[PDB]
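Novice: Below is the file final32.csv, with CSV, C-alpha atoms (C1' of nucleotides).
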```csv
chain,number,residue,atom,x,y,z
A,352,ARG,CA,17.6,-18.0,-12.8
A,353,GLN,CA,17.6,-17.6,-9.0
A,354,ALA,CA,18.7,-14.0,-9.1
A,355,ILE,CA,16.2,-13.2,-11.9
A,356,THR,CA,13.3,-14.8,-10.0
A,357,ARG,CA,14.3,-13.1,-6.8
A,358,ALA,CA,14.4,-9.7,-8.5
A,359,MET,CA,11.0,-10.4,-10.1
A,360,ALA,CA,9.7,-11.2,-6.6
A,361,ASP,CA,11.1,-8.0,-5.2
A,362,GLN,CA,10.6,-5.2,-7.8
A,363,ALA,CA,7.8,-6.2,-10.1
A,364,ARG,CA,4.9,-5.0,-7.9
A,365,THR,CA,3.8,-1.6,-6.8
A,366,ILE,CA,3.1,-2.4,-3.1
A,367,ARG,CA,5.8,-4.8,-1.9
A,368,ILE,CA,5.0,-8.4,-1.2
A,369,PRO,CA,7.5,-10.8,0.4
A,370,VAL,CA,9.0,-13.9,-1.2
A,371,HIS,CA,6.9,-16.6,0.4
A,372,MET,CA,3.7,-14.8,-0.3
A,373,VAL,CA,4.8,-14.4,-3.9
A,374,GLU,CA,5.6,-18.1,-4.1
A,375,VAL,CA,2.2,-19.2,-2.7
A,376,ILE,CA,0.4,-16.7,-5.0
A,377,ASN,CA,2.1,-18.2,-8.0
A,378,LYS,CA,1.3,-21.7,-6.8
A,379,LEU,CA,-2.4,-20.7,-6.4
A,380,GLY,CA,-2.4,-19.2,-9.9
A,381,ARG,CA,-0.8,-22.3,-11.5
A,382,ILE,CA,-3.2,-24.6,-9.6
A,383,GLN,CA,-6.2,-22.5,-10.7
A,384,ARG,CA,-4.9,-22.6,-14.3
A,385,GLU,CA,-4.6,-26.4,-14.2
A,386,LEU,CA,-8.0,-26.9,-12.6
A,387,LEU,CA,-9.5,-24.5,-15.2
A,388,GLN,CA,-8.1,-26.5,-18.1
A,389,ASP,CA,-9.2,-29.7,-16.5
A,390,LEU,CA,-12.6,-29.0,-15.0
A,391,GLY,CA,-13.5,-26.6,-17.8
A,392,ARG,CA,-15.0,-24.0,-15.4
A,393,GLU,CA,-13.8,-21.9,-12.6
A,394,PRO,CA,-13.0,-24.0,-9.5
A,395,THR,CA,-14.7,-23.6,-6.2
A,396,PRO,CA,-12.5,-22.0,-3.5
A,397,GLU,CA,-13.2,-24.9,-1.1
A,398,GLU,CA,-11.9,-27.2,-3.9
A,399,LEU,CA,-8.8,-25.0,-4.3
A,400,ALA,CA,-8.2,-25.2,-0.5
A,401,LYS,CA,-8.6,-29.0,-0.8
A,402,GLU,CA,-6.0,-29.0,-3.5
A,403,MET,CA,-3.5,-26.7,-1.8
A,404,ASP,CA,-3.9,-28.3,1.7
A,405,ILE,CA,-5.0,-25.1,3.3
A,406,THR,CA,-8.2,-23.4,4.5
A,407,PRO,CA,-10.7,-21.5,2.2
A,408,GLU,CA,-10.3,-18.4,4.3
A,409,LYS,CA,-6.6,-18.5,3.7
A,410,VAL,CA,-7.4,-18.9,0.0
A,411,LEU,CA,-9.6,-15.8,0.2
A,412,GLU,CA,-6.8,-13.9,2.1
A,413,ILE,CA,-4.3,-14.9,-0.7
A,414,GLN,CA,-6.8,-13.8,-3.4
A,415,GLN,CA,-7.2,-10.5,-1.6
A,416,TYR,CA,-3.4,-10.0,-1.4
A,417,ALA,CA,-3.0,-10.8,-5.1
A,418,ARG,CA,-5.1,-7.8,-6.3
A,419,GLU,CA,-2.8,-5.4,-8.1
A,420,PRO,CA,-3.7,-1.6,-7.9
A,421,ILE,CA,-5.4,0.2,-10.7
A,422,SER,CA,-4.0,3.5,-12.1
A,423,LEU,CA,-5.5,6.9,-11.8
A,424,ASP,CA,-4.5,8.3,-15.2
A,425,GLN,CA,-7.1,6.7,-17.6
A,426,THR,CA,-10.3,8.0,-19.1
A,427,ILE,CA,-13.4,6.7,-17.3
A,428,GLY,CA,-16.1,8.4,-19.5
A,429,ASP,CA,-16.5,8.4,-23.2
A,430,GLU,CA,-14.8,11.8,-23.6
A,431,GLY,CA,-11.1,11.7,-22.7
A,432,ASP,CA,-11.3,14.9,-20.7
A,433,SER,CA,-12.7,13.1,-17.8
A,434,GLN,CA,-9.9,11.3,-16.0
A,435,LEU,CA,-10.5,8.7,-13.4
A,436,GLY,CA,-9.5,10.7,-10.4
A,437,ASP,CA,-12.3,13.3,-10.9
A,438,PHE,CA,-15.0,11.0,-9.6
A,439,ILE,CA,-13.6,10.1,-6.2
A,440,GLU,CA,-15.3,11.6,-3.2
B,1,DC,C1',34.9,38.3,-75.0
B,2,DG,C1',34.6,34.1,-71.3
B,3,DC,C1',35.0,32.6,-66.3
B,4,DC,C1',34.8,31.8,-60.8
B,5,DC,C1',32.3,32.3,-56.6
B,6,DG,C1',29.7,33.4,-53.0
B,7,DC,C1',24.4,35.3,-52.5
B,8,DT,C1',20.1,34.4,-52.7
B,9,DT,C1',15.9,31.0,-53.7
B,10,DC,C1',13.5,27.2,-53.7
B,11,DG,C1',13.4,21.7,-52.5
B,12,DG,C1',14.0,18.3,-50.1
B,13,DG,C1',14.9,16.3,-46.1
B,14,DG,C1',14.8,16.0,-41.4
B,15,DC,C1',12.7,16.5,-37.3
B,16,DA,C1',9.5,17.8,-33.6
B,17,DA,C1',4.7,17.3,-31.9
B,18,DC,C1',0.0,14.2,-31.6
B,19,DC,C1',-3.5,9.3,-32.3
B,20,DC,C1',-4.7,3.2,-32.8
B,21,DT,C1',-4.4,0.6,-38.8
B,22,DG,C1',-2.3,-0.4,-31.0
B,23,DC,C1',-4.0,-2.7,-26.9
B,24,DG,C1',0.8,-14.0,-22.8
B,25,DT,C1',1.6,-18.8,-17.6
B,26,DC,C1',6.4,-20.4,-17.1
B,27,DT,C1',11.6,-25.1,-12.4
B,28,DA,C1',10.7,-25.6,-7.0
B,29,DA,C1',12.0,-25.8,-3.3
B,30,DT,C1',15.1,-26.7,1.4
B,31,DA,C1',17.8,-24.9,5.4
B,32,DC,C1',18.4,-21.7,8.8
B,33,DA,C1',18.6,-17.6,11.4
B,34,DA,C1',16.8,-13.3,13.0
B,35,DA,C1',13.0,-10.5,14.1
B,36,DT,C1',8.6,-10.0,15.7
B,37,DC,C1',3.9,-11.0,17.4
B,38,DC,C1',1.2,-12.8,21.0
B,39,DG,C1',-0.6,-15.3,25.0
B,40,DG,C1',-0.3,-15.9,29.5
B,41,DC,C1',0.9,-15.3,34.2
B,42,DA,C1',3.4,-12.1,37.6
B,43,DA,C1',5.1,-8.3,40.2
B,44,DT,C1',2.7,-4.4,41.1
B,45,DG,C1',1.2,1.0,42.4
B,46,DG,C1',-1.6,4.7,41.8
B,47,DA,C1',-6.2,5.9,41.1
B,48,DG,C1',-10.9,5.4,42.0
B,49,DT,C1',-14.7,3.8,45.5
B,50,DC,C1',-17.6,2.9,49.8
B,51,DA,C1',-18.4,4.0,54.3
B,52,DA,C1',-18.0,5.9,58.6
B,53,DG,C1',-17.6,9.7,60.7
B,54,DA,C1',-16.5,14.1,62.4
B,55,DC,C1',-17.0,19.4,61.3
B,56,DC,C1',-19.8,23.5,62.8
B,57,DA,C1',-23.7,27.3,61.0
B,58,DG,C1',-27.7,29.0,60.6
B,59,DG,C1',-32.7,28.1,59.8
B,60,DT,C1',-36.2,25.5,62.6
B,61,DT,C1',-38.8,24.1,66.6
B,62,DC,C1',-39.5,24.2,71.4
B,63,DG,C1',-38.8,26.2,76.6
```
Re-express the file's structure as C-alpha cells.
Specialist:
Amino acid sequence: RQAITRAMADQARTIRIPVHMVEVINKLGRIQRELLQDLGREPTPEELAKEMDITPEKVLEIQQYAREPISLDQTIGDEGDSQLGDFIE
DNA sequence: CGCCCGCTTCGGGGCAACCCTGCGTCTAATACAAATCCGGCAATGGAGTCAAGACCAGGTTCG
C-alpha cells in the first residue's frame, strides 16, 4: 500500500505535485467532504482553515494548486467540427 | 455405363472502420537528510556626480 500510494502521488497528475502537497490536498478534500455531509452545505474557507489549523490564504493557495488542467480536444460548440483550441486568442 | 477431383460460385463468417442504448472518496503519518530560498550585514570598487577651476578664441566694447 505504501508503494501504490507513492506511485499514485507521483504519476497520476499531468503537472507534477510533490508528496506533501498531495497529502495536504487529500486532507483538505476529506475534511471538505466530512463538513459537507455534516453541515449540509459548502463550508466557508475560514471555517476550513479553522478546522485544518492553517490560514485561509493557505487554503486558497491549496485550492489553487488542486485545479487539474482541462483538455484541448473536446467540442465546445454544438457541432463537433469546432474543437476547443479554435477559440483561443 | 459410373466415379473422383479440383474449378468455379455463392454464403457465411469474419473483420475493419465509425457513434452513445456511454459518460465514484478511500489508513496516516513519523523521522531524517539534503537542497534551496532568503534575510541580513559586510567587504567593497567602479561608475556616476558636484564643483572648482583652468583653457584660450574670437566677437564685443573701449582707448
Novice: Excluding same-chain residues fewer than 5 positions from region 393-406 of chain A, what lies within 8 Å of it counting all atoms listed in the file, as a list in words?
Specialist: residues 379, 382, 383, 386, 387 and 411 of chain A
Novice: Can you spit out the residues from that selection as an mmCIF file, in the coordinates of the input, using C-alpha atoms?
Specialist:
```
data_model
loop_
_atom_site.group_PDB
_atom_site.id
_atom_site.type_symbol
_atom_site.label_atom_id
_atom_site.label_comp_id
_atom_site.auth_asym_id
_atom_site.auth_seq_id
_atom_site.Cartn_x
_atom_site.Cartn_y
_atom_site.Cartn_z
ATOM 1 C CA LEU A 379 -2.400 -20.700 -6.400
ATOM 2 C CA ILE A 382 -3.200 -24.600 -9.600
ATOM 3 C CA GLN A 383 -6.200 -22.500 -10.700
ATOM 4 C CA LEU A 386 -8.000 -26.900 -12.600
ATOM 5 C CA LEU A 387 -9.500 -24.500 -15.200
ATOM 6 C CA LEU A 411 -9.600 -15.800 0.200
#
```
Novice: Could you list, as an MDAnalysis selection string, the residues of chain B having an atom within 10 Å of chain A when counting all atoms listed in the file?
Specialist: chainID B and resid 25:28
Novice: In Å, rounded to a single decimal, give me how far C1' of residue 30 (chain B) is from CA of residue 360 (chain A).
Specialist: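 Interatomic distance here is 18.3 Å.
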Novice: Considering only C-alpha atoms (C1' of nucleotides), return as a list in words whatever protein or nucleic-acid residues lie within 12 Å of region 418-430 of chain A, sequence-local ones (same chain, fewer than 2 positions apart) excluded.
Specialist: residues 363, 364, 365, 366, 367, 368, 376, 411, 412, 413, 414, 415, 416, 432, 433, 434, 435, 436, 437, 438 and 439 of chain A
Novice: One decimal, in Å: what's the spacing between CA of residue 378 (chain A) and CA of residue 407 (chain A)?
Specialist: 15.0 Å
Novice: Kindly complete region 376-394 of chain A to N, CA, C and O atoms; the output should be written as a compact mmCIF listing (two decimals), in the coordinates of the input.
Specialist:
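The resulting file, rebuild03.txt, is reproduced below:
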```txt
# COMPACT_ATOMS: atom_id res chain seq x y z
N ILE A 376 1.33 -17.32 -4.00
CA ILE A 376 0.40 -16.70 -5.00
C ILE A 376 0.61 -17.33 -6.34
O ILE A 376 -0.36 -17.65 -7.04
N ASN A 377 1.86 -17.53 -6.74
CA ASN A 377 2.10 -18.20 -8.00
C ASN A 377 1.70 -19.63 -8.03
O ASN A 377 1.24 -20.13 -9.06
N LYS A 378 1.83 -20.31 -6.88
CA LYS A 378 1.30 -21.70 -6.80
C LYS A 378 -0.20 -21.69 -6.92
O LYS A 378 -0.74 -22.56 -7.62
N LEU A 379 -0.90 -20.74 -6.29
CA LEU A 379 -2.40 -20.70 -6.40
C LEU A 379 -2.78 -20.38 -7.82
O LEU A 379 -3.75 -20.97 -8.31
N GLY A 380 -2.04 -19.53 -8.52
CA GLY A 380 -2.40 -19.20 -9.90
C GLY A 380 -2.15 -20.41 -10.83
O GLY A 380 -2.97 -20.68 -11.71
N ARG A 381 -1.05 -21.15 -10.63
CA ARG A 381 -0.80 -22.30 -11.50
C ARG A 381 -1.82 -23.43 -11.21
O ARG A 381 -2.28 -24.07 -12.16
N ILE A 382 -2.21 -23.62 -9.95
CA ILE A 382 -3.20 -24.60 -9.60
C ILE A 382 -4.57 -24.24 -10.17
O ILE A 382 -5.33 -25.09 -10.67
N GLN A 383 -4.88 -22.94 -10.14
CA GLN A 383 -6.20 -22.50 -10.70
C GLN A 383 -6.17 -22.64 -12.22
O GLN A 383 -7.20 -22.98 -12.80
N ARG A 384 -5.02 -22.41 -12.87
CA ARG A 384 -4.90 -22.60 -14.30
C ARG A 384 -5.10 -24.09 -14.68
O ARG A 384 -5.81 -24.42 -15.65
N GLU A 385 -4.48 -24.98 -13.91
CA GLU A 385 -4.60 -26.40 -14.20
C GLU A 385 -6.02 -26.90 -13.96
O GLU A 385 -6.56 -27.66 -14.78
N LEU A 386 -6.66 -26.46 -12.88
CA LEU A 386 -8.00 -26.90 -12.60
C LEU A 386 -9.02 -26.22 -13.60
O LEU A 386 -10.08 -26.79 -13.85
N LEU A 387 -8.68 -25.05 -14.16
CA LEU A 387 -9.50 -24.50 -15.20
C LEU A 387 -9.42 -25.27 -16.49
O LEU A 387 -10.43 -25.51 -17.15
N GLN A 388 -8.20 -25.68 -16.87
CA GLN A 388 -8.10 -26.50 -18.10
C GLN A 388 -8.62 -27.89 -17.90
O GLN A 388 -9.02 -28.52 -18.88
N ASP A 389 -8.67 -28.39 -16.66
CA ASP A 389 -9.20 -29.70 -16.50
C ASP A 389 -10.69 -29.76 -16.28
O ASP A 389 -11.40 -30.46 -17.02
N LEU A 390 -11.20 -29.01 -15.30
CA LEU A 390 -12.60 -29.00 -15.00
C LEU A 390 -13.43 -28.33 -16.11
O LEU A 390 -14.58 -28.71 -16.36
N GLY A 391 -12.84 -27.35 -16.78
CA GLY A 391 -13.50 -26.60 -17.80
C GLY A 391 -14.20 -25.34 -17.31
O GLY A 391 -14.57 -24.49 -18.13
N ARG A 392 -14.38 -25.19 -16.01
CA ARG A 392 -15.00 -24.00 -15.40
C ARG A 392 -14.10 -23.50 -14.30
O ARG A 392 -13.05 -24.07 -14.01
N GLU A 393 -14.52 -22.41 -13.68
CA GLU A 393 -13.80 -21.90 -12.60
C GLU A 393 -13.97 -22.74 -11.32
O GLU A 393 -15.10 -23.14 -11.02
N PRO A 394 -12.91 -23.06 -10.60
CA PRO A 394 -13.00 -24.00 -9.50
C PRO A 394 -13.65 -23.27 -8.26
O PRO A 394 -13.58 -22.06 -8.09
```
